[PDB]
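Everything below concerns the one structure shown next.
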Amino acid sequence: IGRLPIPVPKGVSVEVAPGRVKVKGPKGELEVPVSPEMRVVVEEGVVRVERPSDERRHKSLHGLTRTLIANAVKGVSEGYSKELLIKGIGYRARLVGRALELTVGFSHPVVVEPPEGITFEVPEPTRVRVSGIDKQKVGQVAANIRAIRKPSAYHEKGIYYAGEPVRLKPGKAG
Amino acid sequence: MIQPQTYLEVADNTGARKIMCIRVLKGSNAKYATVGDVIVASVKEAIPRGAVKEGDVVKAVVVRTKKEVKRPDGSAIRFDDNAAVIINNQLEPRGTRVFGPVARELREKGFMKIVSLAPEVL
Amino acid sequence: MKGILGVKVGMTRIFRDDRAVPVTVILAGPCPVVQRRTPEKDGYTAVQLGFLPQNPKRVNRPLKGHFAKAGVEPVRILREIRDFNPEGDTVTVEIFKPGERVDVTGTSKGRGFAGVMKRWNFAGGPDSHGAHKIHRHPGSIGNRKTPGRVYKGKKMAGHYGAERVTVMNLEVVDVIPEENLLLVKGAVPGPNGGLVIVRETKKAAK
Amino acid sequence: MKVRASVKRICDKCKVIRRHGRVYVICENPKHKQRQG
RNA sequence: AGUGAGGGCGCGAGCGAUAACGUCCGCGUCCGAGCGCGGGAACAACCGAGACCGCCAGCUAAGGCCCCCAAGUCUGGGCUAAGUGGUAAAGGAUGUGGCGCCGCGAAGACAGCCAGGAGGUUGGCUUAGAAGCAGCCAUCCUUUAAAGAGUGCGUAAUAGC
RNA sequence: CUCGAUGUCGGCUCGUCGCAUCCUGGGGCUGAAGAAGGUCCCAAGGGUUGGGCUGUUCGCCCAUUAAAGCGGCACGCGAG
RNA sequence: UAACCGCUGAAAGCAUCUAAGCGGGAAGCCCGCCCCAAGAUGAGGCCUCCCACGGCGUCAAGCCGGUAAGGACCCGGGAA
């Protein structure tokens with residue numbers, strides 16, 4: 001009824017191999033997990049995740065294999081770029097090539113490195129983020145960077161995802 | 001050379017060139033009112049007038065007798081034990097005082113005044 | 001990074017604009033007496049000797065163990081792993097460059113047999129209000145039903161001199177390439193005019 | 001915040017989070033860090 | 001002729017704090033004084049059981065059968081999965097599984113979605129502001145996406161979600 | 001159990017484990033600006049001074065200190 | 001890895017660090033640091049070297065020389 005419907009457009013390399021499903025698209029040969037009982041098909045344009053039951057384990061498993069391998073696909077279709085925005089009077093940014101310029105620790109050496117699907121985008125640099133491929137590892141690295149200085153609820157000067165409304169509280173007494 | 005409890009000598013605005021220190025002002029584990037150091041004490045000896053009194057200051061380490069061994073293998077020993085009394089900051093006590101030169105002191109540095117102050121013979 | 005030696009004696013010297021004290025290291029130059037090839041002793045390494053005490057005196061075995069890659073006529077020998085032999089004979093006439101940091105050790109001069117007194121710190125007990133043991137003696141050793149007995153590994157009286165050991169970092173100070181000698185300002189680890197060795201390890205980030 | 005007990009949520013919409021036998025309430029207000037595992 | 005003082009367990013009253021391998025009395029068993037065997041790890045009194053002496057005999061208690069060690073790593077149907085097994089209460093909880101029950105307007109559901117979030121809604125005080133999103137209650141009307149006497153981020157009302 | 005025998009205090013000397021950790025760090029929280037406090041969960045690693053008076057350990061007081069913890073072992077220690 | 005922070009994600013067709021799978025992280029845990037150590041009968045591993053030593057009832061795992069192959073003994077010396 002509902003927790004298993006998805007199409008596999010682009011004629012993507014949509015195949016199941018040694019107990020691992022191989023989703024190959026712009027290159028992201030993404031390895032989407034395959035629980036032995038979940039099971040799925042990709043015929044015509046329709047890709048379906050099945051349920052060898054419906055109890056707790058399985059049902060969640062469904063939500064997963066479905067959503068996550070769904071990922072495998074959408075991903076293999078484009079290229080996974082994380083939109084991110086650096087912003088704060090205290091900070092600098094430029095690709096440098098394969099790292100993380102960055103400067104707001106007032107002893108700025110910030111020489112980072114790009115894991116993989118990770119390409120650096122400095123078009124601002126106020127607006128500035130990265131592109132990845134692997135939705136999981138991408139949101140992640142993004143995070144790594146955010147984390148390393150970003151916080152600031154009461155005074156801003158950080159890195160922000162899309163940049164949530166950053167809830168902020170007063171300083172002294174007024 | 002050192003001591004905890006001590007009958008030491010001074011010669012600043014002293015009540016008497018003598019006070020008894022408790023211990024060393026250094027790294028919490030005294031045991032050595034040592035050459036060129038800074039420590040704690042009260043008076044032992046008398047004091048004609050003088051705004052000094054029978055109280056207690058802290059201050060800095062002069063002479064010793066049991067090896068003033070310096071960086072340059074400069075070497076010495078005076079058959080005398082005494083330091084200069086301090087007022088807070090360190091800023092020495094008296095206008096002058098009876099004694100003289102030699103590395104260790106100035107070297108500790110913080111007290112140049114003592115430095116130029118006790119120069120000549122004695 | 002290793003030197004094999006006959007430790008001489010400790011003495012004082014001067015450096016820059018100040019004196020300070022060193023020690024006399026002396027080593028003719030050990031040589032590839034035995035090699036653990038790895039396929040040989042996958043604990044790969046070099047064993048060498050560095051002098052020579054009388055030949056008329058020498059077990060056959062020794063004679064041929066030498067035979068091996070054949071070298072000379074001594075008796076001072078020992079081994080160390082993870083150290084290539086970019087040679088087949090070593091001296092230190094450069095082997096050990098000065099103005100460098102080193103680590104080193106040797107035999108440990110042989111003490112005696114003194115209790116709580118020696119062996120360990122804290123000089124014995126006290127003396128006066130009690131003299132049925134005057135000044136020092138053995139601390140305490142356990143108790144009633146705690147472990148219900150006598151303990152098993154706290155310091156103890158006696159023999160504590162016939163052993164060996166080493167010192168962490170020390171300075172290479174100076175190199176005398178002729179008389180294969182080097183001054184190093186060292187804890188003269190163990191006697192002198194006897195046996196020692198040096199090795200260098202310290203990826204120490206200050 | 002934590003407490004080997006209590007926790008009846010709070011921040012008017014304070015979340016009952018299941019994590020490691022860890023009775024942990026999660027919200028949008030630090031005031032509610034409810035760690036009772 | 002011997003004990004003329006004894007303890008334990010279960011139930012029933014004391015007492016004690018409804019504490020103690022406490023001490024008081026009673027019904028029973030007990031254990032000594034047989035209570036020497038099984039046993040529960042090993043443990044005087046907790047379930048089994050009375051040993052006159054044999055058996056390189058077989059049926060059984062209790063309680064056991066992957067192994068250490070005799071005995072199915074039986075079959076059958078479940079429910080937990082924390083290692084509970086392998087001591088604990090008060091009490092806490094979108095634990096796990098189970099009821100015996102509630103919402104299904106396929107006049108096609110809920111979390112996810114889209115857009116509008118309607119005009120009198122405009123003081124009552126306070127109006128510096130209520131003109132739902134400042135305090136003392138208001139509980140009506142038209143009007144359609146069906147209607148918020150406006151559950152909520154708020155300041156100067158207000159303006160926006 | 002112990003009265004055919006179990007040395008009770010205070011201290012000494014050598015201590016050994018423990019965490020409801022004092023200093024240490026790791027932390028979320030603040031009525032958190034900074035700094036600094038204070039509010040809990042994690043973690044014993046090392047560390048966890050001198051004197052004064054008092055036979056008193058506790059204690060009060062002098063001087064510092066990063067700090068100068070509570071306590072288990074017949075309140076460890078007489079075959080020391 | 002502790003608390004504590006996150007990524008990807010369902011079962012709770014919006015959400016969640018959370019079984020699934022991934023990461024951050026403590027002066028603490030294994031290592032790295034030195035010091036013991038196959039009497040770790042589960043080593044000995046490598047090097048050199050005397051010979052497979054010589055006589056005795058086969059089962060010769062007993063005798064004697066065998067080798068100074070080597071070492072012990074006594075002597076003489078040692079911060080051992």
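Please note that chains go A, B, ... in the order of the structure tokens, that every chain numbers its residues from 1, and that ligands are numbered from 1 in the order shown.
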
Check your understanding: Using only C-alpha atoms (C1' of nucleotides), which residues sit within 10 Å of segment 16-32 of chain D once same-chain residues fewer than 6 positions away are excluded, as a PyMOL selection string?
Key -> (chain A and resi 167) or (chain D and resi 1-2+4-5+7-10) or (chain E and resi 82+92-95) or (chain F and resi 28-30) or (chain G and resi 16-19)

Any chance you could tabulate, as CSV, the residues of chain G at most 8 Å from chain C with each one's nearest atom pair and distance in Å to one decimal, using only C-alpha atoms (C1' of nucleotides), in chain and rising number order?
```
residue,atom,partner,partner_atom,distance
G:34,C1',C:166,CA,7.6
G:35,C1',C:165,CA,7.7
G:45,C1',C:41,CA,6.8
G:46,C1',C:41,CA,6.7
G:47,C1',C:65,CA,6.1
G:48,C1',C:65,CA,3.6
G:49,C1',C:61,CA,5.0
G:69,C1',C:60,CA,7.8
G:79,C1',C:109,CA,6.3
G:80,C1',C:162,CA,6.2
```

Output of the above residues as a PDB file, in the first residue's frame, restricted to N, CA and C atoms (P, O5', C5', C4', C3', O3' and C1' of nucleotides):
```pdb
ATOM      1  P     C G  34      61.981   2.530  24.539  1.00  0.00           P
ATOM      2  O5'   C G  34      63.328   2.589  25.373  1.00  0.00           O
ATOM      3  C5'   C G  34      63.670   1.535  26.251  1.00  0.00           C
ATOM      4  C4'   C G  34      63.685   2.030  27.664  1.00  0.00           C
ATOM      5  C3'   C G  34      63.818   0.914  28.678  1.00  0.00           C
ATOM      6  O3'   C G  34      65.193   0.796  28.957  1.00  0.00           O
ATOM      7  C1'   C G  34      61.995   2.307  29.226  1.00  0.00           C
ATOM      8  P     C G  35      65.792  -0.615  29.335  1.00  0.00           P
ATOM      9  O5'   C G  35      64.883  -1.040  30.535  1.00  0.00           O
ATOM     10  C5'   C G  35      65.397  -0.930  31.822  1.00  0.00           C
ATOM     11  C4'   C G  35      64.818  -2.008  32.635  1.00  0.00           C
ATOM     12  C3'   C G  35      64.866  -3.326  31.906  1.00  0.00           C
ATOM     13  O3'   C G  35      66.072  -3.953  32.259  1.00  0.00           O
ATOM     14  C1'   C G  35      62.718  -2.940  32.840  1.00  0.00           C
ATOM     15  P     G G  45      63.106 -23.189  17.046  1.00  0.00           P
ATOM     16  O5'   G G  45      63.210 -21.607  16.861  1.00  0.00           O
ATOM     17  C5'   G G  45      62.464 -20.949  15.824  1.00  0.00           C
ATOM     18  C4'   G G  45      63.239 -19.771  15.236  1.00  0.00           C
ATOM     19  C3'   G G  45      64.644 -20.014  14.683  1.00  0.00           C
ATOM     20  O3'   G G  45      64.650 -20.462  13.334  1.00  0.00           O
ATOM     21  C1'   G G  45      64.679 -18.120  16.072  1.00  0.00           C
ATOM     22  P     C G  46      66.029 -20.960  12.669  1.00  0.00           P
ATOM     23  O5'   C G  46      67.021 -19.735  12.865  1.00  0.00           O
ATOM     24  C5'   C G  46      67.161 -18.753  11.856  1.00  0.00           C
ATOM     25  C4'   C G  46      68.418 -17.962  12.088  1.00  0.00           C
ATOM     26  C3'   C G  46      69.736 -18.723  12.030  1.00  0.00           C
ATOM     27  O3'   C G  46      70.217 -18.848  10.685  1.00  0.00           O
ATOM     28  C1'   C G  46      69.684 -17.357  13.967  1.00  0.00           C
ATOM     29  P     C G  47      71.353 -19.939  10.329  1.00  0.00           P
ATOM     30  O5'   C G  47      72.656 -19.429  11.098  1.00  0.00           O
ATOM     31  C5'   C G  47      73.367 -18.291  10.618  1.00  0.00           C
ATOM     32  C4'   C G  47      74.418 -17.841  11.610  1.00  0.00           C
ATOM     33  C3'   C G  47      75.493 -18.834  11.993  1.00  0.00           C
ATOM     34  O3'   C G  47      76.470 -18.986  10.988  1.00  0.00           O
ATOM     35  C1'   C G  47      74.766 -17.763  13.926  1.00  0.00           C
ATOM     36  P     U G  48      76.683 -20.432  10.339  1.00  0.00           P
ATOM     37  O5'   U G  48      78.031 -20.975  10.982  1.00  0.00           O
ATOM     38  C5'   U G  48      79.239 -20.235  10.899  1.00  0.00           C
ATOM     39  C4'   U G  48      80.070 -20.521  12.116  1.00  0.00           C
ATOM     40  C3'   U G  48      80.208 -22.005  12.401  1.00  0.00           C
ATOM     41  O3'   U G  48      81.300 -22.542  11.699  1.00  0.00           O
ATOM     42  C1'   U G  48      79.479 -20.918  14.347  1.00  0.00           C
ATOM     43  P     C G  49      81.496 -24.121  11.658  1.00  0.00           P
ATOM     44  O5'   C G  49      82.984 -24.294  12.165  1.00  0.00           O
ATOM     45  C5'   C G  49      83.349 -23.804  13.433  1.00  0.00           C
ATOM     46  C4'   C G  49      82.965 -24.803  14.462  1.00  0.00           C
ATOM     47  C3'   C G  49      82.886 -26.219  13.919  1.00  0.00           C
ATOM     48  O3'   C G  49      84.171 -26.814  13.877  1.00  0.00           O
ATOM     49  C1'   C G  49      81.233 -25.772  15.560  1.00  0.00           C
ATOM     50  P     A G  69      88.462 -30.131  20.714  1.00  0.00           P
ATOM     51  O5'   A G  69      87.063 -30.517  20.066  1.00  0.00           O
ATOM     52  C5'   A G  69      86.651 -29.864  18.887  1.00  0.00           C
ATOM     53  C4'   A G  69      85.503 -28.947  19.190  1.00  0.00           C
ATOM     54  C3'   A G  69      85.638 -27.993  20.373  1.00  0.00           C
ATOM     55  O3'   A G  69      86.315 -26.769  20.064  1.00  0.00           O
ATOM     56  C1'   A G  69      83.532 -29.049  20.420  1.00  0.00           C
ATOM     57  P     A G  79      86.764  -3.472  42.459  1.00  0.00           P
ATOM     58  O5'   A G  79      85.227  -3.856  42.470  1.00  0.00           O
ATOM     59  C5'   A G  79      84.388  -3.513  41.375  1.00  0.00           C
ATOM     60  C4'   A G  79      83.377  -2.486  41.811  1.00  0.00           C
ATOM     61  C3'   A G  79      82.050  -2.501  41.079  1.00  0.00           C
ATOM     62  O3'   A G  79      81.178  -3.464  41.619  1.00  0.00           O
ATOM     63  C1'   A G  79      82.777  -0.283  41.299  1.00  0.00           C
ATOM     64  P     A G  80      79.629  -3.396  41.258  1.00  0.00           P
ATOM     65  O5'   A G  80      79.504  -4.298  39.962  1.00  0.00           O
ATOM     66  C5'   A G  80      78.250  -4.825  39.575  1.00  0.00           C
ATOM     67  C4'   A G  80      78.157  -6.248  40.026  1.00  0.00           C
ATOM     68  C3'   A G  80      78.367  -6.407  41.521  1.00  0.00           C
ATOM     69  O3'   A G  80      77.177  -6.292  42.273  1.00  0.00           O
ATOM     70  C1'   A G  80      79.826  -7.853  40.382  1.00  0.00           C
TER      71        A G  80
END
```

Point to revise | 12 Å contact set for segment 50-66 of chain F, only C-alpha atoms (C1' of nucleotides), chain neighbours under 4 positions out, as a ChimeraX atom specification | key: /B:3-5,21-32,39-42,56-58 /F:9-11,22-24,75

Review point. Any idea which chain B residues end up within 9 Å of chain C if we count only C-alpha atoms, as a ChimeraX atom specification please?
Key: /B:71-73

Exercise for review: Please identify all polymer residues within 8 Å of segment 115-119 of chain E, counting only C-alpha atoms (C1' of nucleotides), omitting same-chain residues fewer than 6 positions from it, and present them as a PyMOL selection string.
Suggested key: chain E and resi 143-145

Exercise for review: Could you give me, as an MDAnalysis selection string, the residues within 8 Å of residue 185 of chain C, counting only C-alpha atoms (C1' of nucleotides) and dropping anything in the same chain fewer than 4 positions from it?
Suggested key: chainID C and resid 10 21:23 170:173

Point to revise | Non-local contacts of segment 23-29 of chain A (12 Å; only C-alpha atoms (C1' of nucleotides); under 5 positions in same chain excluded) as number ranges by chain | key: A: 8-17, 34, 42, 68-80, 116-117, 132-135

For the selection you just gave me, I'd like the residues written to a file as a compact mmCIF listing (two decimals), in the first residue's frame, keeping N, CA, C and O atoms.
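Output file selection.txt follows:
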```txt
# COMPACT_ATOMS: atom_id res chain seq x y z
N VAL A 8 13.17 4.45 -11.50
CA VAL A 8 14.65 4.52 -11.66
C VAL A 8 15.03 5.20 -13.02
O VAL A 8 15.76 4.61 -13.83
N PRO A 9 14.55 6.46 -13.26
CA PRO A 9 14.87 7.15 -14.53
C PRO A 9 16.33 7.13 -15.03
O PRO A 9 17.20 6.47 -14.45
N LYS A 10 16.58 7.82 -16.14
CA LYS A 10 17.91 7.91 -16.77
C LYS A 10 18.49 6.59 -17.29
O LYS A 10 19.59 6.58 -17.85
N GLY A 11 17.78 5.48 -17.10
CA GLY A 11 18.30 4.20 -17.56
C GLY A 11 19.56 3.89 -16.79
O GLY A 11 20.41 3.11 -17.21
N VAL A 12 19.67 4.55 -15.64
CA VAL A 12 20.79 4.40 -14.73
C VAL A 12 21.27 2.98 -14.65
O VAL A 12 20.52 2.06 -14.95
N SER A 13 22.52 2.78 -14.22
CA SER A 13 23.03 1.42 -14.07
C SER A 13 22.35 1.02 -12.77
O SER A 13 22.92 1.25 -11.70
N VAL A 14 21.12 0.52 -12.90
CA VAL A 14 20.28 0.10 -11.78
C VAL A 14 20.35 -1.44 -11.60
O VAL A 14 19.48 -2.17 -12.10
N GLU A 15 21.36 -1.93 -10.86
CA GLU A 15 21.44 -3.39 -10.73
C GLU A 15 21.79 -3.95 -9.35
O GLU A 15 22.36 -3.25 -8.55
N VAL A 16 21.39 -5.19 -9.06
CA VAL A 16 21.68 -5.83 -7.77
C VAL A 16 22.85 -6.83 -7.99
O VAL A 16 22.79 -7.64 -8.90
N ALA A 17 23.91 -6.76 -7.17
CA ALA A 17 25.05 -7.66 -7.37
C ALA A 17 25.43 -8.70 -6.26
O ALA A 17 24.66 -9.64 -6.03
N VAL A 34 21.48 -3.72 1.05
CA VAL A 34 20.45 -4.63 0.65
C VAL A 34 20.26 -5.66 1.73
O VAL A 34 21.06 -6.58 1.91
N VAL A 42 13.46 -3.40 -10.77
CA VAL A 42 13.59 -2.22 -11.63
C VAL A 42 13.27 -2.67 -13.08
O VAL A 42 14.16 -3.11 -13.81
N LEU A 68 16.60 5.33 0.84
CA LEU A 68 18.06 5.34 0.69
C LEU A 68 18.55 4.86 -0.67
O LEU A 68 19.42 5.46 -1.28
N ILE A 69 18.00 3.77 -1.19
CA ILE A 69 18.48 3.38 -2.48
C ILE A 69 17.88 4.39 -3.47
O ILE A 69 18.51 4.69 -4.49
N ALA A 70 16.68 4.90 -3.17
CA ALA A 70 16.02 5.94 -3.98
C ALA A 70 17.10 6.99 -4.17
O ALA A 70 17.28 7.58 -5.25
N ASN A 71 17.76 7.27 -3.05
CA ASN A 71 18.91 8.14 -2.99
C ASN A 71 19.87 7.61 -4.06
O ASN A 71 20.06 8.26 -5.09
N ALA A 72 20.44 6.43 -3.82
CA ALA A 72 21.37 5.81 -4.76
C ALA A 72 21.06 6.35 -6.15
O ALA A 72 21.92 6.88 -6.84
N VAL A 73 19.79 6.25 -6.55
CA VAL A 73 19.40 6.76 -7.85
C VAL A 73 19.49 8.29 -8.02
O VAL A 73 20.43 8.77 -8.63
N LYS A 74 18.57 9.06 -7.45
CA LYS A 74 18.62 10.51 -7.67
C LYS A 74 20.07 11.01 -7.73
O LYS A 74 20.49 11.87 -8.56
N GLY A 75 20.86 10.41 -6.85
CA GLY A 75 22.26 10.74 -6.77
C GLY A 75 22.92 10.39 -8.09
O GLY A 75 23.34 11.28 -8.83
N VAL A 76 22.99 9.10 -8.40
CA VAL A 76 23.62 8.69 -9.64
C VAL A 76 23.14 9.55 -10.82
O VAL A 76 23.83 9.70 -11.82
N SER A 77 21.94 10.10 -10.71
CA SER A 77 21.46 10.97 -11.77
C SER A 77 22.25 12.27 -11.82
O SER A 77 22.93 12.54 -12.82
N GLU A 78 22.21 13.08 -10.76
CA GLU A 78 22.98 14.34 -10.88
C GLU A 78 24.48 14.30 -10.49
O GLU A 78 25.35 13.88 -11.27
N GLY A 79 24.72 14.78 -9.27
CA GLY A 79 26.03 14.87 -8.63
C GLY A 79 25.65 15.53 -7.30
O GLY A 79 24.98 16.57 -7.33
N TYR A 80 26.05 15.00 -6.15
CA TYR A 80 25.58 15.64 -4.94
C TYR A 80 26.28 16.80 -4.31
O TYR A 80 27.16 16.63 -3.48
N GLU A 116 36.03 13.35 -1.09
CA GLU A 116 35.82 12.86 -2.45
C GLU A 116 34.83 13.66 -3.30
O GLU A 116 35.20 14.70 -3.85
N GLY A 117 33.59 13.20 -3.43
CA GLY A 117 32.62 13.94 -4.24
C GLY A 117 32.70 15.43 -4.00
O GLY A 117 32.12 16.24 -4.73
N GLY A 132 29.21 17.29 -3.37
CA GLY A 132 29.73 15.99 -3.02
C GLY A 132 29.41 14.90 -4.02
O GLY A 132 30.05 14.79 -5.06
N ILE A 133 28.41 14.09 -3.68
CA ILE A 133 27.96 12.96 -4.50
C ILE A 133 27.14 12.08 -3.58
O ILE A 133 25.94 11.89 -3.78
N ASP A 134 27.81 11.58 -2.55
CA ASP A 134 27.24 10.69 -1.54
C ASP A 134 26.50 11.45 -0.43
O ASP A 134 27.08 11.81 0.60
N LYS A 135 25.20 11.67 -0.65
CA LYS A 135 24.31 12.39 0.27
C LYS A 135 24.64 12.28 1.76
O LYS A 135 24.53 13.26 2.49
```
